[PDB]
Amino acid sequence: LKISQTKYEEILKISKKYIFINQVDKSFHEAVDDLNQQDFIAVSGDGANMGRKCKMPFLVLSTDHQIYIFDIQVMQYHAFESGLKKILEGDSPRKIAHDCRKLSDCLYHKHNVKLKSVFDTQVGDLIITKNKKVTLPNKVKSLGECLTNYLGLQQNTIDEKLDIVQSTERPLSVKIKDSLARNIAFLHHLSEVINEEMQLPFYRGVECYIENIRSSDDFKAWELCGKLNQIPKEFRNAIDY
């Protein structure tokens, strides 16, 4: 694990505590209001794996503290008109996704929802790789490959083959709901790690600031307190790469 044991356990608990929503009722509106209080929500690709060829049977969204499964098959367009569309189309919250290409296609052509304002962790991995290796790799990384690489999770964490027929059977099984929740549970976290890893020069510049006065002897420190309109002398080399 590259995440803490504490944080891992907290996410595992979140994975078990999902809320399933299959009517536009008070729990729906409470979910929509919680999603709208966040800077970032995560959206799973589960349910959109055929792009524009098929409607989504469900839509999995989370905050950093709570996972929601919306039963799109049963609520139909009502779930979108009652708040999900504005969430997905709006600037805020930003949507975290891992490879939103098919999600975007499915939402637009099957649900009339134009996804906008996304943090894509697959794109982030490509940016981190380019920053390090100068050129892009020839292939992209799966969500599970990223969860292993960035968080240290075991290789089998994501259930990648949900069965298309069971996903459309109702009542929706507990086994499928539990898989959907586990498959989204680490995505919020992944995004925070990838965002930091994208910004290595920035973070070196921060570390220069945090130390610049604090580590100096008194006379030096007092001289620097009078020169705060200036960049620290070691800053340019710090952020260099």
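All residue numbers refer to positions in the sequence shown, first residue = 1.
Undergrad: May I ask you to compare 168-176 and 50-58 by their mean CA B factor in the entry and name the higher one?
TA: Comparing averages over the C-alpha atoms only gives 168-176.
Undergrad: Per the PDB record, is the mean Cα temperature factor higher over 102-110 or over 159-167?
TA: Going by the record's values, the stretch with the higher mean is 159-167.
Undergrad: Per the PDB entry, which option out of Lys85, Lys130, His78, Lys116 has the greatest Cα B factor?
TA: Highest C-alpha B-factor among the listed options: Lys130.
Undergrad: Which has the highest CA B-factor per the PDB entry: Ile96, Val134, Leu126, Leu143?
TA: Among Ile96, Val134, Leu126, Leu143, the PDB entry lists the largest C-alpha B-factor for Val134.
Undergrad: Taking the entry's C-alpha B-factors for this chain, is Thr121 in the lowest, middle or highest third?
TA: Bottom third by C-alpha B-factor.
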